[PDB]
Amino acid sequence: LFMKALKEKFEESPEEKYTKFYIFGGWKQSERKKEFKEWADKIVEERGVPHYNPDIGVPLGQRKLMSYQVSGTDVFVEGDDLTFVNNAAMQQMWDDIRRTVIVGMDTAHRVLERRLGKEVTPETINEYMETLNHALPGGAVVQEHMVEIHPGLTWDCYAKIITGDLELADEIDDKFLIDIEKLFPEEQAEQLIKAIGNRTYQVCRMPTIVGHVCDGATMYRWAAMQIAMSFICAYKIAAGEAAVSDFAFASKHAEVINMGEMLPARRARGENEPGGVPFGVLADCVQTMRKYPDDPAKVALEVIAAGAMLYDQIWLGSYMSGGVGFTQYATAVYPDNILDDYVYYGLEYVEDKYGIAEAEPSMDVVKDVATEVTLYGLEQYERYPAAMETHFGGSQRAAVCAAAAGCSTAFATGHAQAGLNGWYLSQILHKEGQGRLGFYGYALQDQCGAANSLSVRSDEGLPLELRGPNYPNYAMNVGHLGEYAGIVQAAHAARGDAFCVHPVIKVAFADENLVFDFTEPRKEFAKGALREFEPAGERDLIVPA
Amino acid sequence: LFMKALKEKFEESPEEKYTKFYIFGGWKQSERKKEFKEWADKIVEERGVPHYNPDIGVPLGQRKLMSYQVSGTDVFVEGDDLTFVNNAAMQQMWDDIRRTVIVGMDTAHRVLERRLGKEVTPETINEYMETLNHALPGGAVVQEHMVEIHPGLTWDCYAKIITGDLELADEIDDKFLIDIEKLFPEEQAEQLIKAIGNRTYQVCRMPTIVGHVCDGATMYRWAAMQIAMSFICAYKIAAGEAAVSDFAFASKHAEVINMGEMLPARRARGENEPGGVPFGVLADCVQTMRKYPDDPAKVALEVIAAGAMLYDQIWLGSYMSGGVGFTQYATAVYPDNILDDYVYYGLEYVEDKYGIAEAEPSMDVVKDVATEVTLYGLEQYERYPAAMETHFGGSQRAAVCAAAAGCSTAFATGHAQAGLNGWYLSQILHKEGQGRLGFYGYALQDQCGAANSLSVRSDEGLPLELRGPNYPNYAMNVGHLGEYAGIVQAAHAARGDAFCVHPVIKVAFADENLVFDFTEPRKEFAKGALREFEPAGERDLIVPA
Amino acid sequence: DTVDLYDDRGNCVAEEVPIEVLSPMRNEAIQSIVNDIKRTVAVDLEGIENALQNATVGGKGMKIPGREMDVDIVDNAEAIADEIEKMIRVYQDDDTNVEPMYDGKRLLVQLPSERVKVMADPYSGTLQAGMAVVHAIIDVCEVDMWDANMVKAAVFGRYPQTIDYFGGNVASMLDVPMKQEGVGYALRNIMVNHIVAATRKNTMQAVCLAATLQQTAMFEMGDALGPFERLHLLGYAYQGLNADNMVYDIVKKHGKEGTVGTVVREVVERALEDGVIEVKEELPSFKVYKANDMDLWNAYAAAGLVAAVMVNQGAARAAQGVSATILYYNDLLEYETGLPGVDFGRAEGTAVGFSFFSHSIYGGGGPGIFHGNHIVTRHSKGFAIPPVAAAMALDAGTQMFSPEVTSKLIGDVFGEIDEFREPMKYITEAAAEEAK
Amino acid sequence: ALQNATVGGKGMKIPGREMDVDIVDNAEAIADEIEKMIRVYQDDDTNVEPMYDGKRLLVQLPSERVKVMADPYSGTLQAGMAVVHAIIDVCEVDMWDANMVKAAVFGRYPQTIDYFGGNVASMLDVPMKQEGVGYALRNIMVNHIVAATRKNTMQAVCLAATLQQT
Amino acid sequence: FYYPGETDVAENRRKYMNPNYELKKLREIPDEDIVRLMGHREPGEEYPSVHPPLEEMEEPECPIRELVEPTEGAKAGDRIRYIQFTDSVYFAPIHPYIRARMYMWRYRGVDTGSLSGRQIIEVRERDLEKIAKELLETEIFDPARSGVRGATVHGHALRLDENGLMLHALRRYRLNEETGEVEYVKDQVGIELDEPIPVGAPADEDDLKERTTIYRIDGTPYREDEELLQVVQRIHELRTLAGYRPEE
Ligand code: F43
Ligand SMILES: C[C@@H](OP(=O)(O)O)[C@H](NC(=O)CCCCCCS)C(=O)O
Ligand SMILES: O=S(=O)(O)CCS
Ligand SMILES: O=S(=O)(O)CCS
């Protein structure tokens, strides 16, 4: 699986241990890095303060600087095209998640009847959605002399209904409905309807430009405000009356759903920020379980790709640190089909020894599956010095092998916690194998890992689905977070589950009016890498030509 | 002052009490609102989900929909061009503040010598800044095989030095120096040097695009990381050694400065967010004290403009709520030279009865100056029914009169708290005058106002300079926050002060390499209103043509 | 289970002490230290005078021009104190104590336990004690009504605009509830440098103070509870109260020539000799040892961890590699035995991130600025912070951010209080009487 | 929550991790284990009594545990962790699925700031939700106040006033 | 014990960890050239101090201080300096985590960090130069498969140069084939030296494997050592079990 890419990146056989260095022209071997100096030159000329400068400190490219095939594709690009700041698709994936809030409609509709004395029917509910889709992007419904927001800036904002009440579902305009039966395979569809019940929801997607100027905790305040404005308009109550405060409180607290919850004082942040988003939830955002129900590995691999990207490149590599960042800490798990080979083989192993999702969760299965796949993955890096030179950091080496091990153990049991326990066995194996593990503080998690995995104490116990970047061990270091989401997806994909932890968030991200395509994150990244992705939120309308 | 605009907006004499309505063509009288439907139509066509729609709920424009002369200019624009989402300059003002972090260099340099054994001289300090300006925008200085960020996206990122040590100041490259003596009038310059002392600082301005994808608490983490990378490079220590942790801690906590501090759980937010920014600090960001030292009113008026905009339109009208928003809640205090007339006259009054900044702070001066200017301002609205129809909400009416009153009382005393006390007298006067004050919860502040103004208790006492959107009374409602900053500026402008509360933040925002022009906020807003402002952070390089 | 208790010099001070007597709810001295921590506050009168003298309030470079104000605080420290104990006292015969320190530059304010008693927020004593200082300055120094808000700011900084008393001149060992990493993390949010400053660089007494504060949070968080209570009781006796003189004896013999490896081997021998551990099975050359008592084995290894730091960092007289010591003491100790290190991985776990975040660009700092509430060092349940306090005490002056830079006020005023400075004698004495 | 693997709250469900244990029926046995873990002295004011046919459970910690407690909400951690342990080894919960009991009790903690989707409650709630120092006794809903005084107006006024003024 | 393991690599791992096992000398580098390689100070000049000597300091009343003897540099108040090694995956004699385990057994007052592509030790200056000598001239160092570098450490997991050397982006060492020896032309940070320091004679692939500490498929496969794989699985089990319940 990784051979084709290994032979494109490297002149020599993947097997060879020797090559030439210091003979590439230094910095200036690369198309991208040349482009960057050109722009730097024009900038400093107009500006007067020095900017980007190859000749400062280290001369990049004394080795050949690699291209990377985005795994699962046939697109080869420079590493510089997979930094989130350089890649529009990567920015748009985060944008679509941050700008998503889902609100319960049930108690709101109850208020209208029990307190305001107005009938709620499908006819009025559709009228309401015509209104909400005028109001959400910044349109006026009640007050005279209202200024408004340019629809050209907000063409990505809208709302739709999710409802497990199938009788209401086909009374709602199709254009206002995220249809569970249309979007999903038959059995995933029924599993979702059952999990959701006859509860009906309002999926609001705010303008990307608003996330650009503001933040994530803006998102729900914005959703709540325009929802209340639309109720007022459509049901002809007083535009400001006692029961309206029920709408504010239902939408903002009692019946609300956000992709992330707030974070504590040291990493102080409001809602819908990357660190508040749990592994199971990020996994249910990705929609690969929809398209490839019978390939547990693709579904998991695809979840790793957008986990590592989101959590390492954008979250840890910017929000929590910044600078050049953590591109290749993340890329180690979605370029070059290296992890892909390790994962698939591990599944072939489980498929043989046990059944898919048929193994009793036990120390025995972990001890077997984890050790087998970690030795395999370790042995691939020492067989192919080319792959070793590709994944030059140990952190990303540990992550690739532990992910394969972890997901494989999940493939057998179908249980995230077991899978996680296999991750922590894999790591402590890698340690003694190469006489190293990762960067300095890489193994804080993994050394706490075994004891906290099954523990039930205060800030120790919690199923992996429910864990995230705020789980104490997990809050600091790269090469862990997105891979954990992969283990959550692996467990649940092996079982054939429609979702990992949230029915509604799952259906919501299935909607075809999103900008990012969440079925195929890897292919999107390459689309952004080749500068072919069209993001929202660009201000070229309100700016000179 | 407001006559020219009142006669351009209104056919009739400003004096007349009668006019015609229902005879403008409804919605479609306005150039902007027509544009919006065009784009809505094209959006829904391509999309399939209805968007902006004039015919939903209320028919805007049964009265003539106003144009607004941005006060102090001769530019007349529709209200729709002053929404922050529609205006690039407004977004860029916030961007420049959010992406600014200032870091002390003193203990860092001490570490290099006392612990790492390396000499710190101007020669090495300049070398360091060449490096930091390569490193800040995402350039590599130490590790081989590093991917980097496109300088075309970050052409607005850079760093400079502020230092009151004048002997070091003219040893630093002019292109790395925010020169206090060049940028400031002689006496403001000396007041700043004295206040800063022989302490030397690192002003970092992150890329706007990073604030677009991330948030404010990213800003300092990013500053801290690249500062430490540049020290490592320039002083040839181990790229990862014990004393490096001193750099992390000096830059992130011990010697750091951010435009805002974090907020509590209900409005949970990290640093460099609008609610954490104090009135005195927002006032010292604006640079009108630099250009117009001898006009206390212009300096204050200009601070109100970018206060109301930032705190009402962007902060309260989006972060804290959202939707159509609070454009005209803010505009009531920077269009149509209405507040301008009230403020100038109030200054002419103070200039006569007392001296500028010559009055002892006392209840007598407040009782006099506050009442006089509030009656004046109230009497202008009932003399000119045109101005009454312009400022149709009472909130913005209360704000315009209370601002004039408040700043005027500050002009006499030169003391923010006295000025503030006059605000709270003005409001309770407006109440009984028109039989109203503002919207529903407008006067929460103003009714607590008198007792909390001079109080010294727990969450009650604090000079106005030090107050902000997190001061308990102030955290919710429009038509207050930016006006308070104006009172802080008014007090300090009347005295001739170079700054209100922070020497360093003041010098920092004087730098000519910022994108927004902070000397003249009102003129910038009109530049953004006319779509003539060129913002940073646009991604047109990494996106198809 | 009965541990012997020895002092800081290795002498025996209590016989068969049942470990059940060592829990916070059983131990009187620990109970009182918690009370004394909610009631004891430090106020910098010189700092408030400077701030008010130059209108530099709110902190961090700020100055409100034209609002300067020449009052004399220090000179009237005595008069200010008297007004404070007037506002603060509940009964004539209670434990209110408000005494000027260092020629009036500093001020210790201890609230009556009657005020503690009915206090939910543990830091709150600062509000009460501080608001007294505020009022006492206003109507002793005759402050103008319009400029009184400047005194509020010199005392409490930017509060309420900031979450804390930013740029203030009020301090305690605790700091504000919304800075907590979790429920019950209050007694965890105390700097190691605070710990070391208040025990005046006495290593054994620092270890103690860190351990008892840590293990008291372990009980408060429901960690030392159920099938875990014993793990923390024995863990606490050996780590912080020099149980069996084990920490002291290991360091007496390993102190001149020993390393972290020799200390590791010292732990394995002593558990071997005491039947704490045995030989499970014998692999092709090397012994896999089992634990006869898992809690007492952890306790044993934990004690050796403190000794490991004391011998290692004490030899360098540099704090620094306390992070390596904790990491590698547990690394070695495991692959010498085939058993889990202290805290079943978490102790070594903390030291990996600690090592990282004390030797890199991304955050952290030097050893003294961490605490039980730092996200970098919150992971281990009480067994890592007391080591870190030994190291920072054995430092002859290699740290930039030392107890003299970060923890000056605390060291000067809290250092004067006895149960803070020397908590061992008090806890062990309390434990003796409690065992009848 | 455990019967349907709906843990963490707010619509969440971890599929395939459902678990049929009987908690209510063994409420008495669970209580007994709890006062065992929680008591300090034989003659103290520990009180752990089942309510409403075993659907509810009041856990009052010994004042000895309060006494040495900085965080006012902390009693929930202690009392809750008892419920957690008492369920595991009365209902014979599997080691690999025990973390589901932690979640049914304490919700998404520690990933969330609070016990989100949990089944533990007091009048107080978590210290980092406070608007300021000493706001602990202020963060108690009026509805909590009114529910506990069982709609008696004078007694509600009282309870609100004494909590406020304290 | 030191470390479990039934294979050759495991034995080289008890050997280097054991302070009884004498480290076989392969080189002889003068003290002046160790000071130059670690370009902290010039060898003629005296030791810079971070704080004044203990023999003249306000030493705190501490009964623990009295038990623990300071090192040479501690008594003089020396500044803490470093030396950093990068060991190639291709049969370098010593490896990061094994380096640190050796240090914690062999030396006093040790701060050290084991990372994937770098390993650093940090102690008092004069003691560092004595420790560095043993690390550089014994069988634990090899000038082709192990490099001295405090910056731009990239190279450990990289394939070898045509000359059989590890990659050096800064080109600190060169191969003088006139003498057949590897010699450094720059210090560990990359500043050009005045004259080359011969630390040379790179070993052939055979001698390296006989004294390597890395498990490799093309050497001694990790899969082969079952007794090591049993102990590391034992630590995992007892950790997961004790973290759930200490026991009984
Ligand atoms: C200076 C530090 C100390 C520190 O706190 N962080 C650094 C540097 C930092 C910088 C390097 C940028 C630059 O060159 O200017 C950035 C990009 C973070 C930033 N400020 O944007 C980074 N590390 Ni590092 N760093 C990385 C790595 C690594 C691996 C590299 C080993 C090798 O043989 O090349 C080693 C740790 C290890 O040995 O495991 C490493 C160390 C280090 N890492 C050593 C420098 C080592 C050297 O002197 O060359 N990084 C990696 O292993 C992969 C990911 C990679 C990051 C860039 C990306 O993800 O694209 C980068 C991530
Ligand atoms: C530890 C803490 O830093 P401080 O010690 O508070 O300065 C924390 N940083 C981080 O966790 C940064 C993590 C991402 C960079 C390292 C990745 S391995 C933060 O900024 O809140
Ligand atoms: O070298 S460090 O492990 O500190 C950082 C790796 S990016
Ligand atoms: O009518 S209300 O005062 O509630 C809101 C004004 S925008």
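Heads up, residue numbers simply count up from 1 along the chain you see.
For this deposited structure, the header notes the method as X-ray crystallography, 2.7 Å.
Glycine too: its Cβ is placed from the backbone N, Cα and C atoms.
Here Swiss-Prot flags B:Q143 as coenzyme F430 binding site. Cβ neighbour count for B:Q143 (coenzyme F430 binding site) (all protein chains, 10 Å cutoff from its Cβ): 19. Classification of B:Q143 (coenzyme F430 binding site) by DSSP places it in coil, neither helical nor stranded.
In sequence order, B:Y220, B:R221, B:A224 are the residues of the chain that are 6 or more apart from B:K252 (coenzyme B binding site) and have a CB within less than 8 Å of its CB. In the three-state DSSP reading, B:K252 (coenzyme B binding site) counts as helix. If you look up Swiss-Prot, you'll see B:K252, B:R266 marked as coenzyme B binding site, on the strength of experimental evidence.
DSSP assigns B:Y440 (coenzyme M binding site) to coil, not to a helix or a strand. Feature annotation from Swiss-Prot assigns coenzyme M binding site to B:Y329, B:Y440.
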Binding-site residues near ligand 1 among B:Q143, B:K252, B:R266, B:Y440 (Cβ under 6 Å): B:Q143
Among B:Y329, B:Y440, the most crowded of the binding-site residues [Cβ within 10 Å]: B:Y329
Binding-site residues close to ligand 4 - of B:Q143, B:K252, B:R266, B:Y329, B:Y440, only those whose C-beta is under 6 Å away: B:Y440
All-chain count of other Cβ atoms within 10 Å of B:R266 (coenzyme B binding site): 10
Cβ under 6 Å from ligand 2: qualifying binding-site residues of B:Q143, B:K252, B:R266, B:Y329, B:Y440: B:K252
C-alpha spacing of B:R266 (coenzyme B binding site) relative to B:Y329 (coenzyme M binding site), in angstrom: 24
Whole-number Å value for how far B:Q143 (coenzyme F430 binding site) lies from B:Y440 (coenzyme M binding site) (Cα to Cα): 59
B:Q143 (coenzyme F430 binding site) versus B:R266 (coenzyme B binding site) - Cα distance in angstrom: 42
Chain A, Cβ under 8 Å: which of the binding-site residues B:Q143, B:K252, B:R266, B:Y329 qualify: B:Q143
Near chain E - the binding-site residues B:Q143, B:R266, B:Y440, filtered by Cβ distance under 8 Å: B:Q143
